[PDB]
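Heads up: the sequence shown is residues 4 to 42, 49 to 271, going by PDB author numbering. Taking it in order: structure first as structure tokens, then the write-up.
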Amino acid sequence: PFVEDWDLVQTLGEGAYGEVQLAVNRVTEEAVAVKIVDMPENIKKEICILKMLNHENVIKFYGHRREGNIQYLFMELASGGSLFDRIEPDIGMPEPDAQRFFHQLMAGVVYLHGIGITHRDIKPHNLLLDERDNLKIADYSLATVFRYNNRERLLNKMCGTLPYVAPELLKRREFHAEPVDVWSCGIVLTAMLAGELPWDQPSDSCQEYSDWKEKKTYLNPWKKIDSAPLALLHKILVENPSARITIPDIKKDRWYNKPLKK
Ligand SMILES: C[C@@]1(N2CCC(c3cc4cc(NC(=O)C5CC5)ncc4cc3Cl)CC2)COC[C@@H]1O
């Protein structure tokens with residue numbers, strides 16, 4: 004297959020609304036990623058959000074083309090693949106690499122929040138790596154505006170991935186967008202440090218969640234994580250979204266600022 008002057012050479016991945024392909028320009032050899040979407050109001054909102062993005066830890070938007078009923082969304086190709094494939098199951102990854110990925114994730118999230126955008130589905134499958142292992146937040150099909158004209162809008166739509174969602178999404182009619190992204194970044198940090206997700210969902214009927222609320226850190230995955238990043242996880246994975254640590258205070262955390270190497 005092809006799109007104008009590009010060849011669709013390989014399937015990079017897929018989601019509920021389309022598939023992502025590797026596009027190689029026949030003439031210049033420039034390699035990009037292209038989201039191919041079949042059939049309109051959702052993609053309109055997505056293209057609007059995509060054109061606002063300009064940051065080193067966010068996937069760049071190059072442009073779009075419509076060919077009949079198929080939309081092609083050209084984006085920056087991240088040649089290192091996903092953060093998901095760098096997490097060894099039941100092990101995680103070296104703490105210095107987890108910390109570097111966490112700083113870059115914070116930088117992307119501060120940027121998105123600064124321009125009034127919430128990603129709403131932060132997880133390792135959506136965190137891509139460039140050729141120098143720089144983290145890029147990808148896929149804005151669930152992203153939305155939570156601040157416009159310096160006025161915050163509370164969210165109410167259920168979305169995301171259950172092991173990564175914050176508990177207020179399940180227990181509240183309306184909720185603040187920022188604490189939700191911070192909570193999923195804590196689950197991403199747990200995954201990088203232990204290679205294991207702590208629960209199916211943070212609900213009243215989930216025993217692993219109740220175990221965390223009761224501070225049973227002698228259980229997995231918490232027992233594989235050092236006391237310093239565990240102390241930061243204790244401030245991020247707080248049930249009340251208003252008691253939960255904000256990103257300005259995550260940047261003052263002992264582990265966040267702890268020099269690490271290897
Ligand atoms: C929906 C999900 N994906 C969300 C990101 C999505 C995507 C992929 C990409 C992969 C690469 N680079 C590489 O693959 C190089 C070869 C190693 N570069 C840019 C990409 C841009 C996007 Cl938007 C694929 C679909 C997330 O949940 C389940 C799915 O995986």
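In this text, a Cβ means the ideal position worked out from N, Cα and C, and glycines have one as well.
Rounded to whole angstroms, the separation of the alpha carbons of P268 and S150 is 36 Å. By the 16-neighbour rule on beta-carbons within 10 angstroms, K270 is exposed. Boundaries for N28: no alpha helix (DSSP H) harbours it, while the beta strand (DSSP E) harbouring it runs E22 to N28, taken from the DSSP string. Cα atoms of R160 and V12: separation of roughly 44 Å, rounded to the nearest angstrom. Taking 3 residues as the shortest admissible run, the segment 77 to 122 contains the following complete beta strand (DSSP E) segments, listed from N- to C-terminal end: 79 to 84. Here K261 is not bridged, per DSSP, to any residue. When distances are taken from the beta-carbon of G18 to the heavy atoms of ligand 1, the shortest one is below 6 Å. For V35, the CB stays at least 6 Å from every heavy atom of ligand 1.
Annotation: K267 is outside any beta strand (DSSP E) and is labelled neither H nor E by DSSP.
Closest in C-alpha terms to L121, from the list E177, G18 and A152, comes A152. For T14, the enclosing beta strand (DSSP E) begins and ends at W9 to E17. A check of alpha carbon separations from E223 across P238, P188, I68 and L246 identifies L246 as the nearest.
In this chain, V197 is not harboured by any beta strand (DSSP E); it is covered by the alpha helix (DSSP H) spanning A186 to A203.
With a 10 Å radius around the Cβ and a threshold of 16 neighbouring Cβ atoms, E7 comes out exposed. Distance from the CA of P188 to the CA of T170, rounded to the nearest whole angstrom, comes to 15 Å. Distances taken from the Cβ of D148 to the heavy atoms of ligand 1 include one shorter than 6 Å.
Segment contact: the segment 95 to 112 against the segment 126 to 146, three or more CB-CB distances shorter than 8 Å; contact assigned.
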